[PDB]
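Visitor: following this: a sequence and the matching experimental structure.
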Amino acid sequence: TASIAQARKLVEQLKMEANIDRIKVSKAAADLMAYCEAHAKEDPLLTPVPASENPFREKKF
Amino acid sequence: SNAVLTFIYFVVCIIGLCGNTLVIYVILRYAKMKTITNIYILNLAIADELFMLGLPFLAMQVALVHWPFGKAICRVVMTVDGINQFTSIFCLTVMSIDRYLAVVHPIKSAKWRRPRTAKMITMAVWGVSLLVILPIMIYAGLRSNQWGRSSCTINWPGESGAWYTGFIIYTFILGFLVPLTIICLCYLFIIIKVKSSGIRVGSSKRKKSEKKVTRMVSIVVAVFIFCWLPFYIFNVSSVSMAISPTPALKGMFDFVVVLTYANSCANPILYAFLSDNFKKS
Amino acid sequence: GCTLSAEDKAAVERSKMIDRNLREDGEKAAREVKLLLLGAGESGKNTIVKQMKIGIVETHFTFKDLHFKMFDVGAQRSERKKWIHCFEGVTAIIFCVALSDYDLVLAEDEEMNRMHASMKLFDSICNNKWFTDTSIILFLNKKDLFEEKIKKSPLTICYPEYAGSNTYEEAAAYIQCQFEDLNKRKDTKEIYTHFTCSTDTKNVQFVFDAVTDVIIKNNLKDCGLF
Amino acid sequence: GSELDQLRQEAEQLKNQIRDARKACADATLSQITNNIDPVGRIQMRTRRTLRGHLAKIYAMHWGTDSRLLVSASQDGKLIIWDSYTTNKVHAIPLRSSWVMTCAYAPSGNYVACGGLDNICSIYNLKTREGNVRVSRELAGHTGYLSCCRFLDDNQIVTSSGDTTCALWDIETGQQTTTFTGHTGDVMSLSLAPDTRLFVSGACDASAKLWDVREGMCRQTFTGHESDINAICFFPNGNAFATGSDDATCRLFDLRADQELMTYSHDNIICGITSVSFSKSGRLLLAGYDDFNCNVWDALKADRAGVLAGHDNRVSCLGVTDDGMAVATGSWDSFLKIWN
Amino acid sequence: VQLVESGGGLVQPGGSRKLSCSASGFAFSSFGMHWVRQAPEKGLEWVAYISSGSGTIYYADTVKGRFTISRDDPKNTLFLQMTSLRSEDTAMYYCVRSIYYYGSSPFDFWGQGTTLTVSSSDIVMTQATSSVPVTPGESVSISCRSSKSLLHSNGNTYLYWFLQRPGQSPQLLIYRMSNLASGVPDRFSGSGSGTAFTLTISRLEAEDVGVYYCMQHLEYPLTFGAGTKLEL
Ligand SMILES: N#Cc1cccc(-c2ccc3ncc(-c4cc(F)cc(F)c4)c(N4CCC(N)CC4)c3c2)c1O
């Protein structure tokens, strides 16, 4: 009669997590792809940049 | 026979070059000063590599005995051969002393030697090698022979009958006699320390560990003696009793020279390959 | 190189001094002996302030010009797998046990025994993917309790397949053989066994001898003669 | 007994309700929608900077806000601050306890945090009139070893511990203001949202819980793994996160829709993942392994766009700057590399 | 933090003394030290500099080969030794504290200083204005110019602004002509481009009266600037 409190708390927790809003997976995937596309221009790792604006270029010494 | 001797020269040169280059490349590319042992091994390999370059020049002395290179080339090759010889011997002695200090006196002496004294010891070894090889040997110069072809040989100074004996006994003392005592004492004391450590605390495998170390000591000392002994005895015997120059004498002298050069290519096959480098390579 | 200003040269000097301080501090830390101490609990781990002394608990002491650092990790009460790799480079793991209380079959679980668990722990520790090439030194117990407990109760027969009985030498040798025949390497790892006595000095000389033997073996394996 | 059994039955009924409410929305999969896009080229990066000076294993590192300074923690009891443009050393902070497992760097640049295996989180002050670095205060109260810490603000910090609990702290006073409980196993990592209003944490029970900083109440729980979770990080959008486990698998999760998205696995690799990090544009996902090598994955096609091999020991930590210019890698061979 | 100088007094041309300086309240052995000449009713002048750990010592060509600067770390004292003293050695000697790393602020604490009266290519030192009659409640703009561009390819301009008030030592105002020093009011601001520089004070009050100086740290022969005295 000691774990009843923990069981009731867990049941109350699992009874609350179901009262939330959801969306469709396709819409989320499309939004994620849209973000990746729209921020793809200025990613230095995706697009190699010339040595003029690179501060990490290896020098002679 | 003579062509066979030249072919033996070439094959031992190729073997020494390939092995020493492989060891140096592996150490530099992978280890990068992991331990002072690798530092000493690199020091030994650098000296052994430079041996193999000199011998092809010695081939011209062996076959087609006439020397068209001149005086500068012969003096340079003699100087580099002597410097490399003495630095290799001194590196072997220093390695033996380092092992003895590491094992027998670990609590006290190993503390001081470990950090950076190795570079100073290397500089001192090279310096003493130069100081011992240059002032006495650079007297060499081309000497006319009864064959009629210029040959590379140490020039005889005045009162050479005693000077040559003094030179040979001095180089026998410094080159052969001193290193043997150091190596034997250090390795025997290492054996005694291992046995005492085994007996002091109950160890089941104490019998197994002792067996390998003695075998390695025997292999090292035996190969060193077998490579370096015939030359000095040949010299002292030829000086003691006069003997006429014969084709057999020249062939056996060549054999003695190649046998003495053999120690070089033997060194990295033994020291580096049989150590904890086996898993690394 | 020469293109630096006056500020960057002083910055480089500062960095060089930091490097030299780091190197000289790290040189001294390489000549310390690290010991990892494990035990079943009340098996004698707390007996340190008397035997060798005049979160993770750490104690420092010296003996015959040698620095020691003992780490007590028995109070962590956490999953061992997630942090056991932090002691990959230690020297001479110490496994303190107390098996003189064998016939007293208790587990605090009503089903098991101290001896069996202790061997489970010993086998678990000794055969990790780490801790290979790491020697183990064993401390057994104070023998007087075993003396006075085997005479009155011939309960040693509770161990299956045992022939002798009520002989301290035979039982102690049998237990030592039982532990020393548990390691699965038997070729690259060594085990040292000792019996603790009331004397204060006798419990430190053994540790000093064991650690110096381990150091000598490591030097032999490192210098290529092995 | 009977009450316990009926409570368990009610819990299983709620679990079934969650299971069959999640499954109604899983209409399509990401790969079949993303197949229209053109794959990224084979990314090849070179080593530009090699940082040396540590004498033991490297366990953690963190990038500064200016993306030029970084702090790294190692097991030799030292804490070094680097200048990544010239390889110079700015600071070296000795520690009271040698064993550390994590480190953090304040967003303003005034404080550095460290801790691990001693159940104490320490705070260091870098800008003093005295001319040295001194510890400001030590945080105590946890029971298990510390596994991660992140500076929420200049006066707040959130930590995760091996006692299965995460706690928020008030640096000025030194008392826990909020405690988060519910993980069955050990908590190993956490990551803060860009708005500092939510955070996640991965635990040894193969589950990750989305917490809430303000009210201190758990919101969502994600499953799908089969072993320990060792790394976690947010997508730059703030609506997704990727987890790395010890089953040689990386997975991507979505917050708005409670469903699995992607799996990053290959039959050629069967080793565990140590660190996970994202990129500035969110296109390529980086993950370090214990097979001595790193790997660069395309976040949209689950394909190896390249490799990153420069270490001879296990890779333990990863980091990407705020401007996306470079990436840093730390390993157990006591060497730090900067790749571009 | 405190910095007290010792060894002053009155000297003769055939005389020699050993100045002293004691530092308390901070880590002395991790800082660079300077000496700055300041003649009565004249401007400032750099003299000498010793690095941290005694790794580097620089002098001025005007007193090269004539002064010796040493460091005493465990006892936290600094010394300057003089051999021969000309008539032009009368000044108001100061000890300056500076530390160099990425993002630091050198010349932050100027010390109290002491007095010593003696009985009777390089960058140019130039400023346009010499005095300005000002009334509180408005803005003041001060200009300083050099003969060479102070800008490096990395992007740092080494121009230092600081103020001296009567009866007390000078204190740092702006370092690297972009940043305000710690504890300095936000009323002050600095800017420039290449060779042209300016210093603007948004609001003026009775505590902002004194003499202003400009210094460059481009090369080790440190040259100060003229004074722009503001009178209430
Ligand atoms: N140290 C020393 C040292 C100690 C004692 C005697 C000598 C000594 C004296 C006279 C020599 N005369 C000719 C040659 C020679 C030259 C060649 F091109 C080819 C060749 F087959 C032989 C020698 N060589 C070169 C140096 C060594 N390899 C040994 C053989 C000579 C060595 C020493 O050099």
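Guide: Received the coordinates, thanks. Numbers count the residues shown, from 1 in each chain, chains lettered A, B, ... in the order given.
Visitor: briefly note if stretch D:161-173 comes near chain A.
Guide: No. Taking Cβ under 8 Å from any Cβ of the partner chain as the criterion, stretch D:161-173 and chain A are apart, separated by no less than 13.9 Å. Every residue, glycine included, has its C-beta placed from N, CA and C.
Visitor: so which bits of that stretch are buried?
Guide: Buried residues in stretch D:161-173, defined by neighbour count with 16 or more other Cβ atoms under 10 Å in any protein chain shown: D:161-169, D:171.
Visitor: which one of these sits closest to chain A?
Guide: residue D:164 (13.9 Å; Cβ to the nearest Cβ).
Visitor: show me what from chain C comes close to chain D.
Guide: C:8, C:11-12, C:14-15, C:18-19, C:21-22, C:26, C:29, C:55-56, C:76-79, C:82-83, C:86.
Visitor: same check on chain E?
Guide: E:1, E:25-27, E:30-31, E:99, E:101-102.
Visitor: out of those residues, which two sit at the greatest distance?
Guide: Greatest spatial distance in the residues of chain E next to chain D: E:25 and E:102, 24.6 Å, computed using Cβ to Cβ.
Visitor: counting neighbours, go ahead and name the busier of the two.
Guide: residue E:102 (20 against 12; other Cβ atoms under 10 Å in any protein chain shown).
Visitor: helix, strand or coil: sort out that one for me.
Guide: With DSSP: H, G, I helix; E, B strand; the rest coil as the basis, residue E:102 sits in coil.
Visitor: so who does it touch?
Guide: C:11, D:68-69, D:83, D:88, D:90 (Cβ atoms under 8 Å, 6 or more residues apart in numbering or on different chains).
Visitor: quick one: the closest residue to the ligand within chain A from chain B, how far?
Guide: Residue nearest to the ligand within chain A (Cβ to the nearest ligand atom): residue A:61, separated by 41.5 Å. Per Cβ to the nearest Cβ, to the nearest Å, residue A:61 is found 19 Å from chain B.
Visitor: isn't that residue right next to residue C:1, touching?
Guide: Yes. At 6.2 Å, residue A:61 and residue C:1 qualify as touching, with contact defined as Cβ atoms under 8 Å.
Visitor: give me the element residue B:119 is part of.
Guide: Taking DSSP states H and E as the definition, residue B:119 sits inside helix B:117-137.
Visitor: elements contacting that helix?
Guide: helix B:36-62, helix B:72-104 (3 or more Cβ pairs under 8 Å, 6 or more residues apart in numbering or on different chains; DSSP states H and E).
Visitor: OK, contacts around the nearest residue to residue D:197 once chain neighbours are set aside?
Guide: Using Cβ to Cβ, 6 or more residues apart in numbering or on different chains and skipping the chain neighbours, the partner closest in space to residue D:197 is residue D:213 (5.9 Å). Neighbouring residues of residue D:213 by Cβ under 8 Å, 6+ apart: D:152, D:158, D:168, D:178, D:196-199.
Visitor: picking that back up, can you redo the helices and strands packed on helix B:117-137 as TSV with distance to chain A and mean neighbour count?
Guide: TSV is the format used below for these (distance: least, Cβ to the nearest Cβ, whole Å; neighbours: other Cβ atoms under 10 Å in any protein chain shown):
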stretch	distance to chain A	mean neighbour count
helix B:36-62	24	20
helix B:72-104	32	19
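Visitor: nearest to chain C, of these?
Guide: helix B:72-104 (5.0 Å).
Visitor: select only the buried ones of the contacts of residue D:213 in ChimeraX?
Guide: Buried residues among the contacts of residue D:213 (16+ other Cβ under 10 Å), as a ChimeraX selection:
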select /D:152,158,168,178,198,199
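Visitor: nearest to chain A, of the contacts of residue D:213?
Guide: Of these, the one sitting nearest to chain A (Cβ to the nearest Cβ) turns out to be residue D:198, at 14.1 Å.
Visitor: which strand residues bridge that closest one?
Guide: residue D:212 (DSSP bridges).
Visitor: now do the contacts for whichever residue of chain E sits closest to chain C.
Guide: Closest approach between chain E and chain C, counting by Cβ to the nearest Cβ: residue E:100, at 3.6 Å. Residues in contact with residue E:100 (Cβ under 8 Å, 6+ apart) are C:7, C:10-11, C:14, E:32, E:106.
Visitor: now with 6 Å, please.
Guide: Contacts for residue E:100 (Cβ atoms under 6 Å, 6 or more residues apart in numbering or on different chains) come out as C:7, C:10-11.
Visitor: can you tell me the element the residue positioned nearest the centre of chain E falls in?
Guide: Against the mean C-alpha coordinate of chain E, by Cα atoms, centre = their mean, the closest residue is residue E:36 at 5.9 Å. Using DSSP H and E, the element containing residue E:36 is strand E:32-38.
Visitor: and that strand, what does it pack onto?
Guide: strand E:44-50, strand E:94-98 (3 or more Cβ pairs under 6 Å, 6 or more residues apart in numbering or on different chains; DSSP states H and E).
Visitor: so which residues on the stretch 151-281 of chain B come close to chain C?
Guide: B:197, B:200-201, B:213, B:216, B:275 (Cβ under 6 Å from any Cβ of the partner chain).
Visitor: give me the number of residues near the residue lying closest to residue E:90 once chain neighbours are set aside?
Guide: Leaving aside its chain neighbours, residue E:90 sits nearest to residue E:118 (4.3 Å; criterion: Cβ to Cβ, 6+ apart). For residue E:118, the count of nearby residues is 17 (other Cβ under 10 Å).
Visitor: can you check residue E:171 too?
Guide: Using other Cβ under 10 Å: residue E:171 sits among 16 other residues.
Visitor: for it, give me its contacts.
Guide: Going by Cβ under 6 Å, 6+ apart, residue E:171 touches residue E:110.
Visitor: so what pairs up with it in the strands?
Guide: Beta bridges link residue E:171 to residue E:163, judged by DSSP bridges.
Visitor: and it, how far is that from residue A:35?
Guide: Separation of residue E:171 from residue A:35 (Cβ to Cβ, to the nearest Å): 51 Å.
Visitor: equivalent analysis for residue D:250, please.
Guide: Per Cβ to Cβ, residue D:250 is found 20 Å from residue A:35.
Visitor: what do you get for residue E:227?
Guide: According to Cβ to Cβ, residue E:227 stands 58 Å off from residue A:35.
Visitor: with residue B:214 instead?
Guide: For residue B:214, the distance to residue A:35 (Cβ to Cβ) stands at 72 Å.
Visitor: more crowded one of the two?
Guide: Counted by other Cβ under 10 Å, residue B:214 and residue A:35 do not tie: residue A:35 has more neighbours, with 18 against 14.
Visitor: residue of the stretch 101-250 of chain B nearest chain E, please.
Guide: Per Cβ to the nearest Cβ, residue B:116 is where the stretch 101-250 of chain B lies closest to chain E, at 19.4 Å.
Visitor: quick one: residues contacting that residue.
Guide: Contacts of residue B:116 by Cβ under 6 Å, 6+ apart: none found.
Visitor: list phi and psi for it.
Guide: Here is the backbone geometry of residue B:116 (degrees, to the nearest 10): phi -140, psi 10.
Visitor: of the contacts of residue D:213, just say which sits nearest to residue D:122.
Guide: Of those, the one sitting nearest to residue D:122 (Cβ to Cβ) turns out to be residue D:158, at 15.5 Å.
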